[PDB]
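Worksheet for the structure shown next.
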Amino acid sequence: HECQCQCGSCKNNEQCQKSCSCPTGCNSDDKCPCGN
Ligand SMILES: [Cu+]
Ligand SMILES: [Cu+]
Ligand SMILES: [Cu+]
Ligand SMILES: [Cu+]
Ligand SMILES: [Cu+]
Ligand SMILES: [Cu+]
Ligand SMILES: [Cu+]
Ligand SMILES: [Cu+]
């Protein structure tokens, strides 16, 4: 999905901007699954 994360790993990360698997509201790296 379109990426609307505010975590450090994803915010302005071009790799997952249009291919993000995170839960909505994924705002913390500690619980971020992106690219798992
Ligand atoms: Cu995302
Ligand atoms: Cu991401
Ligand atoms: Cu993330
Ligand atoms: Cu992302
Ligand atoms: Cu993601
Ligand atoms: Cu994310
Ligand atoms: Cu996130
Ligand atoms: Cu995430």
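Residue numbers run from 1 in the order of the sequence given. These values consider heavy atoms only, across backbone and side chains, with no hydrogens, waters or symmetry-generated copies.
- Looking at heavy atoms from C-beta onward, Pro33 lies in side-chain contact with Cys26 at the 4.5 angstrom threshold.
- Looking only at distances, no side-chain donor or acceptor of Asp29 sits under 3.5 Å from a matching main-chain atom of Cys7.
- In this structure, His1 contributes its side chain and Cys22 its backbone to a donor-acceptor pair below 3.5 Å.
- Between the CD atom of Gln6 and the OG atom of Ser9 there is a distance of 13.5 Å, given to the nearest 0.5 Å.
- Residue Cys5 forms a side-chain contact (heavy atoms from CB on, under 4.5 Å) with just one option from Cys20, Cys32, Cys34, and that option is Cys20.
- Shown here are the side chain to side chain contact (heavy atoms under 4.5 Å, CB included) partners of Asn13, two or more places apart in sequence or in another chain: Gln15, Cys16, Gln17.
- In this structure, SG in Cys10 is found 12.0 Å from CD in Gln4, a value given to the nearest 0.5 Å.
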